[PDB]
There are 2 protein chains.
Amino acid sequence: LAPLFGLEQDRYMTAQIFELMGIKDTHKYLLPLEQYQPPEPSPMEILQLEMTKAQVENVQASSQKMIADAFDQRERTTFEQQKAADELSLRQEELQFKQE
Amino acid sequence: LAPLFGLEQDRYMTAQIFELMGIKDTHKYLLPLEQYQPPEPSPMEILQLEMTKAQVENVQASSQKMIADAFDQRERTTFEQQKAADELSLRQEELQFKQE
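Within every chain, numbering proceeds from 1 in written sequence order, not necessarily in step with the numbering of the entry, and residues without coordinates do not appear. Throughout, the order in which chains and ligands are written sets their labels, letters from A for the former and numbers from 1 for the latter. Only a portion of a larger assembly is displayed here, and every value given applies to that displayed portion alone. The basis for the side-chain values is all heavy atoms of the structure; hydrogens and waters are excluded.

Per the deposited record, the coordinates in this entry were obtained by cryo-EM to a resolution of 7.4 Å.

Right, here's the structure in full:
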């Protein structure tokens, strides 16, 4: 039931309570709701947010690293096959030699 | 309800309380709000802030490291293809040889 029972409700309530026994709560006891402006986030809150954001980034990075490594492996195997074609080139070498 | 119930409110309250039983709180009991100037941060607080800031920096650094390594891998594969072009150069060598 909290979702309804937030801040304003609470202040009203408490006040009423007070208003039954100690009346003039407004201005010595409990800051009036019109001025109970929400607090600024702390440096501790902010730095932990940006650092916990980085601590998930890195994971994105690790995942993406695997993709790249895979690409590189495939490309290496392709260059292997090109150099095997250079070996096929040798054939011509030996045959020119046998021709002379 | 704390957001309203901060410091001033508390002092007023407590005072009142006191003022009912022990009156002259102002100047022997509870420092007057006009002079209750906020405390300076400790060396322990400061050093932990700057060290917890560095402990997220490093993560930024690790993430950025992956980008660089990737760049380098790609460049290596490119140089591989340039040297494969030098192998294509050999062709001309063997053919000049067959010409002579």
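Re the side chain of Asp25(A)
All names here are of chain A. By the element assignment, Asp25 lies in the loop between helix 1 (8–21) and helix 2 (43–99). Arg11 is the oppositely charged side chain nearest to the buried, salt-bridge-free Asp25, at an N-O distance of 4.0 Å. Setting aside chain neighbours within four positions, we find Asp25 in contact with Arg11, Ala15, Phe18, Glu19 and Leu30. Helix and strand definitions follow DSSP, with helices as H or I runs of at least four residues and strands as E runs of at least two, each counted in order from the N terminus. Only protein chains enter the accessibility calculation, which uses a 1.4 Å probe; a residue is then buried when its area is under 20% of its type maximum, exposed when over 50%, and partly exposed in between. When charges are counted, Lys and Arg are positive and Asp and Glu negative, with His and the chain ends excluded. Any carboxyl oxygen of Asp or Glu within 4 Å of a side-chain nitrogen of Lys or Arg constitutes a salt bridge here. Throughout, a residue-residue contact means that at least one pair of heavy atoms, one from each residue, lies within 4.5 Å.

So, empty space enclosed by the protein
Cavities and pockets were defined on a 1 Å grid built over protein atoms only: a cavity is a set of grid points that admits a 1.4 Å probe from which the probe cannot escape, a pocket is an open set flanked by protein on both sides within 12 Å along at least five of seven lines, and lining residues are those with an atom within 4 Å of any such point. Grid points are joined across faces, edges and corners, and a volume is the space filled by probe spheres set on the points. Tallied over the entire structure, the rule returns one cavity of 30 Å³ or more. Looking at the largest cavity, its volume works out to about 40 Å³. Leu7(A), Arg11(A), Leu30(A), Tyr36(A), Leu1(B) and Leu4(B) together form the lining of the largest cavity. Any residue that is not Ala, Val, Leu, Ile, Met, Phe, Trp, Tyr, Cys, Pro, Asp, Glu, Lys or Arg is counted as polar, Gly included; the first ten are nonpolar and the last four charged. The class makeup of the residues in the lining of the largest cavity is five nonpolar, no polar and one charged.

Observations concerning the interface of chain A and chain B
Between chain A and chain B, the residue contacts involve 29 residues of the former and 31 residues of the latter. For the pair chain A and chain B, the summed buried surface comes to about 2,700 Å²; carbon and sulfur atoms form 61% of the total. The largest per-residue losses of area from chain A upon contact with chain B belong to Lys28(A), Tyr36(A) and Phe79(A), which jointly make up 26% of the total buried on that side. The tally of links between chain A and chain B comes to one salt bridge. Measuring nitrogen to oxygen at the nearest pair gives 3.7 Å for the salt bridge that ties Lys83(A) to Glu87(B). Whenever two N or O atoms come within 3.5 Å, that pair is a polar contact, provided that in protein one can donate a hydrogen and the other can accept it, and provided that, for residues adjacent in sequence, both atoms are side-chain atoms. Scanning the region where chain A abuts chain B turns up 15 residue pairs in polar contact. Reported buried area values correspond to the accessible surface (1.4 Å probe) lost by two parts on association, with both partners' losses combined.

A few points about the packing of helix 2 of chain A against helix 2 (residues 43–99) of chain B
Between two packed helices, both the angle of their axes relative to each other and the distance between the axes serve to describe the pair. What counts as an axis is a line fitted to C-alpha atoms, over the stretch in contact for a helix, and the angles between N-to-C directions run from 0 to 180 degrees. Two numbers describe how helix 2 of chain A lies on helix 2 of chain B: the axes approach to 10 Å, and their chain directions differ by 10°. In this view, helix 2 of chain A runs roughly parallel relative to helix 2 of chain B, as classed from their interaxial angle. The residue makeup of the contact of helix 2 of chain A with helix 2 of chain B, split by class, is 11 nonpolar, 12 polar and 15 charged. Should an angle fall under 35 degrees it is taken as roughly parallel, and over 145 as roughly antiparallel, whereas 65 to 115 is taken as roughly perpendicular and any remaining angle as oblique.

Points about the layout of surface pockets
Estimates place the volume of the largest pocket at around 300 Å³. Lining the largest pocket, in full, are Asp86(A), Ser89(A), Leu90(A), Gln92(A), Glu93(A), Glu87(B), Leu88(B), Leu90(B), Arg91(B) and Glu94(B). Of all elements in the fold, only helix 2 of chain A together with helix 2 of chain B reach the threshold of two or more residues within the lining of the largest pocket. Among the residues making up the lining of the largest pocket, the classes are represented as three nonpolar, two polar and five charged.

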